[PDB]
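Residue numbers (our numbering): 362 to 1412. Note that the Cβ used here is the ideal one computed from N, Cα and C, for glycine as well. Please read the structure below before turning to the comments.
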RNA sequence: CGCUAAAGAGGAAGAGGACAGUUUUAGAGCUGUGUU
RNA sequence: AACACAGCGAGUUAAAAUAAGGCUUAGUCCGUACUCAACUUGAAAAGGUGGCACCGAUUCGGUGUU
DNA sequence: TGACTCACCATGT
DNA sequence: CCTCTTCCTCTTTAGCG
DNA sequence: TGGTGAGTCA
Ligand SMILES: [Mg+2]
């Protein structure tokens, strides 16, 4: 029997359905391997495959660039330290050493607690004389007195460590008029104002009430000044709290005004220091180096280098400064030396690296995939475009009947006279020329509406900048012009643009040269120079451009030149293109590269895998059709490649399987007309129901009207034939062929939409990113947690391994990659007594590699004197308990084996009578449908049976009891409560995408819901040791049709 | 279905740089009393 | 000597880290992207393994056969 | 001393 | 939050296999 | 939405 696959490719789901005949999904008994007693499990061929959504690489890119910037910053400080090392060693041996051990607790510090000066008194004096670093920077910048070298290094390292934004280009040099340092003076002003205003607010809040004083200033937890300085509060929250407190108090207008202008007790380091140019820091740096150079000689020699450390930005075109082994770097080194900031010009070739940066990402031409595309603004590309549009210009003749294309000489004269004269060509100018050259008047133009899309913009621009028409006119100079446009396109920095442009300096003038240096064009074309001009045809010895400009017989567009049988352009392109044989091998490689975000790419790859395994399931008989709907078009191409690869002859490729792309509206139209409603909340069976329905629709549409088929198949709607609003049986019109029967086939459609069994599968993944509230997370939390409590049990990853997590605080939230079952012998009961213990051990993403290197050693470090088997369970591994409860194992906690997050794999099935009610309930607030209101008003008695069914399903397969009791207590108000609240409680708010009562019975993680005004907490207390007793691990396949039940008890 | 160009709209990949946030330490704790 | 109860004062900043880390790959580089049912040939590229029909549906069950 | 409960929280412009 | 670069995709126009 | 700290009971 024949069969046709259907598919629902999607971001988080792929739904697969197989139809043999008469719109029916066949049932096949699939063997079950493993230590089980169920030899054959009979599975319906409806199915779904659920996967975690693919993640874009933006977060990885942002964290990679951040990582690199921290590394480069520490390298800049190390550079300044190597500059200061020889002279500082006499002043203080361990100043750098004391700075490096600032994090450490006093005992673990190598020399002293006080970082800067190493003794209590001098540190006290430093903080007294300069309360903040900005006072120090101002003093060094403006005081012509010898400074302790430590202080100078601290100021310079403050500027290098925190330098300003580089957006402003040029040289940049406030209320203060005499100071060298503007920023230092402004922040010293903020220091003084904040101190004085703190004193005044202290007096006021204390005087009204001492309790307010204590709460605001001496209680860190609150949002007051104690929260502002020694807490997690921010300016906005502190202002809100202060205004709320101060509003009641009488006469507190000064503080309220300053808060209103957002300048009341401001902090020197604020989110508002972002808009500070680096030139301000450089102005301070120059002053400090200059004034202290006279006293310290080494500063005079290294003054240029110290500035270079601050102002050096790795150019964007010169990427990561690798020697290789880096996937992202493109830099092309010219020497072998290490890349210090001073020698970056020497070591690296900026021209070659900048050219590689653009040419690595440019696209090879499709027609002849061996050459790079021409620059978008090249004269050749425009001249190719201008003629191509101009050739097909057809003018209606006032007297002559014939509608005729432009003559070649007319094309030459038109382009010369007008296209070169004016940037924007129109219809009117061409009608004028045609009237001038030919006496006919009243001519209109075809192929051209109003302005020409094509223009020689580059010709006019280069004419003005060059200031010479003759240079553009001459064909000999055309190669020079092409090289000029190439250097403008590839190179973006004006310096290197003029550097390469200096080659063609003899022809032009320097003033013209610089003006050309300003002009940079962007973008690249989709054709190549060799194609347009290099390729030739033997019979005429003419390029494609030569034919477009002058093809005597008629004006033919570029594709017509390429495809014409007489011309050898088609032979040339085919020769080159099958020289370019890049099938890419495995389907993984081609699927990775199709257009889109990785999220859809995952769906596509899994859809190919489902189709392959479905072919294996059905006996190896290739599908009669496949119907991808994306309810992706790239799949159609990919599925065409694998299935329709075979060609009877090299001349053409035969097609056997019709990859089909139904439009989305068809499924919705069928669903609404015949009331096969979908509720996304109830169960995940809707993906499979959608796939089966579209398989049915596509089969019928191809069955009844073959005429539309060519459009529908790859390479007044049709839904009316599904509508009988007509004889009982529908048969093809104009021929005798099978068409869908109006009632009997509908019976099969509804029954297959009321099948309890759908082979739902959640792909077992070994996680690499932890998940918090749906946002990816790494190995652990990105923010260091506070120091543990004095007598609190914490599993904190240290900041660095040499730093103890207890004393120095640590990282919390270790994410678990997977969990391994370990049968073996464990010391238990403190007597080391042997036992046959089958218990999970969770493995973190942190130590995944360590586990993989030696599984036995990792498991043995955790006990397990003898290990006899290690079943390795990825996330979402499925256990079916004895009762019939399926508990997918999300993870086993790394810290504790006996705690883990277990989802619920059981999917509730609701009869059609309930599903209609639920769909109506979710759509109640919708203004469009009165029928929803009337149905929910007429069938309120369904709600009682629905609640009881959800609660019994909760009782048997789910394990929630307290939530069930709260739900039962809440439901007693069913007879009298708001119908809007009844519906929202059962299904959810309209459009919320959050389920109501069905969040108790949905698959996956449990989430909080509100039922009739009662907040029901999420049930997350499934225990990981309940899986082990009397349950069977199910190793389902990608389709889910093929499973291996490894019973844990016999194991 | 595949192309080229124009005006619109929306993404993807990559490079460079800034500001904050978090953690520990250094820079403010002192006095009277309860207390073992 | 330490823990606390009350009173009175300071509070703005600096250093270090900012995914743990890995390497003969030692770079001013890489470390959250894509890939991953089970058993079994596979160093690896890539492959192999699971009969059909019929009646029904609270998750698949029961039949007829080979 | 391990199942059965509840509460807090997490990097962004 | 700022600067830069390329590659894609969707509807519509002009030509087109 | 997943870690997991902390509390009370058989
Ligand atoms: Mg690092």
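Query, Result
"Reference residue 1028; option with closest CA among 1080, 1407, 815", "1080"
"Any non-hydrogen atom of ligand 1 closer than 7 Å to residue 1464 Cβ", "As shown, the chain starts at 362 and ends at 1412. That puts residue 1464 outside it, with no answer to give."
"Bridge-paired residues (DSSP) for residue 1092", "1099"
"Test item: CB-CB of residue 815 and residue 746 under 8 Å", "yes"
"Three-state class that DSSP yields for residue 863 in the structure shown", "helix"
"Pair within 8 Å by beta-carbon distance, residue 977 and residue 1004", "no"
"N-terminal and C-terminal residue of the beta strand (DSSP E) that residue 1232 is part of", "1227 to 1234"
"Given residue 377 as reference, the closest of 1357, 470, 1222, 1048 once Cα atoms are compared", "1048"
"Residue 744 vs residue 733 beta-carbon contact at 8 Å", "no"
"Cβ pair residue 738, residue 846 closer than 8 Å", "yes"
"Limits of the beta strand (DSSP E) - the one that residue 378 falls within", "374 to 380"
"Residue 1280 - DSSP class collapsed to helix/strand/coil", "helix"
"Environment of residue 525 [buried if 16+ CB atoms lie within 10 Å]", "buried"
"Minimum length 4: unbroken alpha helix (DSSP H) runs contained in the segment 743 to 802", "769 to 775, 788 to 798"
"Residue 1032: CB within 7 Å of a non-hydrogen atom of ligand 1", "no"
"Residues near residue 776 by beta carbon distance below 8 Å, same chain, minus five either side", "747, 748, 751"
"Per-residue burial, residue 1255 [other beta carbons within 10 Å of its own, 16 or more giving buried]", "buried"
"C-beta atoms of residue 1201 and residue 1266 nearer than 8 Å", "no"
"Residue range of the unbroken alpha helix (DSSP H) whose run includes residue 1164", "Taken as a continuous stretch (DSSP letters only), residue 1164 belongs to no alpha helix (DSSP H), as it is neither H nor E."
"Segment contact flag, the segment 753 to 761 with the segment 919 to 928, C-beta cutoff 8 Å, min 3 pairs", "no"
"Residue 1379 beta carbon near ligand 1 (any heavy atom closer than 7 Å)", "no"
"Closest by C-alpha distance to residue 933, when choosing among 904, 946, 951", "904"
"Cβ-based burial, residue 466 [other Cβ within 10 Å; buried from 16]", "exposed"
"Residue 982 (DSSP reduced to helix, strand or coil)", "coil"
"Residue 511: CB within 7 Å of a non-hydrogen atom of ligand 1", "no"
"DSSP beta-bridge partners of residue 1252", "1262"
"Close beta carbons around residue 372, own chain, < 6 Å, minus the five adjacent residues each side", "414, 960"
"Nearest residue (CA-CA) to residue 1012, options 957, 1040, 1073, 935", "935"
"Buried/exposed call for residue 736, threshold 16 Cβ in 10 Å", "buried"
"Complete runs of the beta strand (DSSP E) confined to the segment 457 to 502 [at least 3 residues]", "none"
"Cβ-heavy atom distance, residue 428 to ligand 1, below 7 Å", "yes"
"Distance CB(residue 827)-CB(residue 865) smaller than 8 Å", "no"
"Rounded C-alpha distance that separates residue 1037 from residue 991", "19 Å"
"Simplified DSSP state of residue 1406, which is helix, strand or coil", "strand"
"Buried versus exposed, by CB contacts within 10 Å (16 or more), residue 1250", "buried"
"Beta carbon of residue 1187 nearer than 8 Å to that of residue 1225", "yes"
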